[PDB]
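Listed next as structure tokens: two forms of one protein chain, kept apart as structure 1 and structure 2.
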Structure 1
């Protein structure tokens, strides 16, 4: 499998790995579970993979679920009963869980017990459950999304960042070693430069280029071959997606560069507001294609020269 299993295999995120190593080692001298950890940042950067590594280092099983998957208190109660001592519970998009369910975790995380009503009619009665020790791992896009009473109960916080070209190059070379394939260093660098700094995209592109090199080439990935393969896909010469081009083009042609609010833009491009906010705007801002102002977003001169317009 492609997913790393141990910290020695996990490339990048040095600042996070440095802290997690110290807290995991200390928690292993003492015979007790690790404090609840919260990971936040852009999607697709590898925070789920981090949860598996933690479980393998602690030597316990990992269970996985998501906020939207829990709708009533009976769901969360049934899940917690299925945990063994020291197990790790991973909850994705924890910010999207219902408020009536969130207030059930408060007692579970802080004191390991839950008060519940059971039975029906004359049998209806309250019960006091006593849970075994466990570690919760939460995932969310931003810290300001969660309520103050919940955020205060997490003991560890991790912020994850985009990968740099030297890191993605090694990840691409690693992946191209599990597949019995050959890639030249110049090709690996070119393929990485197109991957928007995100490891998930890099794995998807490498698969498609591998197919093209088998049917349309000599079975080896080279700069001349990779250039054509990526040109056949919609990936621009600097990684911009077709959805990215739609946004930039709309701002210049229909809005004249702005200012425009992301809310109004979303309905004009027919994209869900949460996707443009969480997936597309973050990269476009951190790379100078879009600028933010008090009134709204504005396209920079770099965008005009890229899309082929005149920065009048």
Structure 2
């Protein structure tokens, strides 16, 4: 299936796999539950996938829920009561839980107990619920929103990293086998270079090319069909969209490469101020096409040659 099930299949993230393997094997020798682990990083790098791999490698059933599903403290208490010794609890989008509920985990994670109010409302008393040994797994796109006392309780932190071309190429080939399609090694590398280092984007591109190759082709993906499908998709050989090309062109044509202020550029490109800064600009800076300067952003030589203009 699409989602890798074991570390033998999970390509990439060598730094994270090398650590998780040691901690899992150490926990098994001691016959203990794994320490609480937090997975965080950019979108689509494989955080949710790794959560299922950790459960399969431990050889235990996984209980699953999500941050937005826990609306009140009463819901979380009901979930915790269902735990069995050695159970793994996975909370996706953990940063979405309200603070009033997040503070209930503090005691459960460190001392395996919870204070609760029980009674008829007219008469009641506090009681301690005792929890069995369990492991909490959390995944979040922005750990900064979690309170400092919560993050401090996670004993294992896994920061996901972007994939390189050699690793991302194998992901494309593996996915093609699931689709029973044949992909030439040159075509697999072409799709990888345009996937912006993200597996979800590589799978999305592959699916669109696969549909094209079997409707107007002999059902085979080669270095010739890829160019035609990628032309229809309008994804440059560097992964730039038409909007990205419009930006780089505008700076060179109307401003001679800058420096130009974002407000000025935004007007010529007809795009909303923050949309440029938060959606399109981040990738262009990381790839080296744009350089932020004290007087404004400047288009580097890499942008000139890629767009075909003459640099000075």
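Positions refer to the first chain, counted from 1. By rigid core we mean the largest C-alpha set that fits within 1.5 Å across both forms.
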| query | finding |
| --- | --- |
| Two-part rigid split between the two structures: residue 220, residue 257 together | no |
| Turn angle in ° for the smaller rigid piece between the two structures | 28 |
| Shift in Å of the residue 168 Cα between the two structures [rigid core superposition] | 0.8 |
| Cα displacement of residue 274 between the two structures, core-superposed (Å) | 10.7 |
| Core-aligned CA shift between the two structures for residue 299 (Å) | 6.3 |
